[PDB]
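Chemist: Next input, structure requested:
(2 chains)
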Amino acid sequence: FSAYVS
Amino acid sequence: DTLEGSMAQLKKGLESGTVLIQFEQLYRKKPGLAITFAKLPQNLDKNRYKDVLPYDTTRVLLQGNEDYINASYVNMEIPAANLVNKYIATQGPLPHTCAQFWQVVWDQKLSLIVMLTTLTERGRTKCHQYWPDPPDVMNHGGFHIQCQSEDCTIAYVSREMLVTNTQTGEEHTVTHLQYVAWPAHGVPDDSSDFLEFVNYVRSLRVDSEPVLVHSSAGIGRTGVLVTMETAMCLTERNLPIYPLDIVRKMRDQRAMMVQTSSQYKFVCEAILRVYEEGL
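Modeler: Numbering: from 1, shown residues only, chains lettered A, B, ... in the order given. Sure, the structure comes next:
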């Protein structure tokens, strides 16, 4: 799952 | 202080650089607020982003229904005006969370949805299309959904949706506004389109009733919108505006609202603009 802040 | 004083301070703080320094000091998530349900195994893939999760205390619960949704109540009080602007702030629905999304709209009979994202950006999906292209009809979570009209302006699309509970035949209508000129992690492509849009959303409110606002993650662009609506309400009533306090009060209810310093700088400059226009 990805991070939004990245 | 006064509206006049708060604005002198904002103007000086933007030239001084201290307004941004203090924004970068502010916590992104309120320390000590439990985030547990969002991290349960059955709920992890219901979050579009691993780091954007609702607090237990303000997460939206479905009526008579245990299903989790990544959505938060965000209420902005202006007590010196006996006023509360209610929101439900949420992420862009995933293919398998559209049923829960529409269930929130139905539970609370929400009449207004504000979507601050395009469906895709740079070949990547940012939000599932949870409504059908007219005239098609769509099934979600035991609701039939159709788009009764669709009209594109410069910066956004206005759609009217009909939601039908299939078992009862009861119908509900919803206005849906999709702002398409505002990239993730960035500022609106045009500040004047943004300000007109925000005032338009204000005019479509029905008292007591939350506005459902979402983007991709439901924190960056949604935070800027919520800040601006709050500031507009305050400026019209000659009440002091402290954007840092506004951002903090949002973050106490949904973590990370207003994502970047550029977004914060944008909204502060827009607040000064509207103040200078109102005299």
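
Chemist: Surely residue B:99 is within a helix?
Modeler: Yes: when DSSP: H, G, I helix; E, B strand; the rest coil is applied, residue B:99 is found to be in a helix.

Chemist: Wait, it touches residue B:139, no?
Modeler: No: Residue B:99 is beyond contact range of residue B:139, at 9.2 Å (criterion: Cβ atoms under 8 Å). Any C-beta I mention is one placed from the backbone N, CA and C, and that applies to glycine too.

Chemist: For the stretch 151-279 of chain B, give the residue positioned nearest to chain A.
Modeler: Chain A sits closest to residue B:217 of the stretch 151-279 of chain B, with a gap of 4.4 Å, by Cβ to the nearest Cβ.

Chemist: Once you drop chain neighbours, what's closest to residue B:20?
Modeler: In this structure, residue B:20 finds its nearest non-sequential neighbour in residue B:261, 5.5 Å apart by Cβ to Cβ, 6 or more residues apart in numbering or on different chains.

Chemist: Actually, residue B:63.
Modeler: residue B:107 (4.3 Å).

Chemist: What count of nearby residues applies to the one you found?
Modeler: 14 (other Cβ atoms under 10 Å in any protein chain shown).

Chemist: Next one: it relative to residue B:13, how far apart?
Modeler: The gap separating residue B:107 from residue B:13 is 42 Å, by Cβ to Cβ, to the nearest Å.

Chemist: Likewise for residue B:158?
Modeler: 37 Å.

Chemist: residues in contact with the residue in the stretch 51-200 of chain B positioned nearest to chain A?
Modeler: As assessed by Cβ to the nearest Cβ, chain A sits closest to residue B:51 within the stretch 51-200 of chain B, at 4.6 Å. For residue B:51, the contact set (Cβ atoms under 8 Å, 6 or more residues apart in numbering or on different chains) comprises A:3-5, B:256.

Chemist: Of those residues, which is the nearest to residue B:145?
Modeler: residue A:4 (27.0 Å; Cβ to Cβ).

Chemist: Please verify my assumption that that closest one contacts residue B:218.
Modeler: No: counting by Cβ under 8 Å, residue A:4 stays clear of residue B:218, with 9.4 Å between them.

Chemist: okay, those two: which has more neighbours?
Modeler: residue B:218 (30 against 20).

Chemist: Next, count neighbours for the closest residue to that one other than its chain neighbours.
Modeler: Nearest non-adjacent residue to residue B:218, counting by Cβ to Cβ, 6+ apart: residue B:91, 4.2 Å away. Neighbours of residue B:91 under the rule other Cβ under 10 Å: 29.
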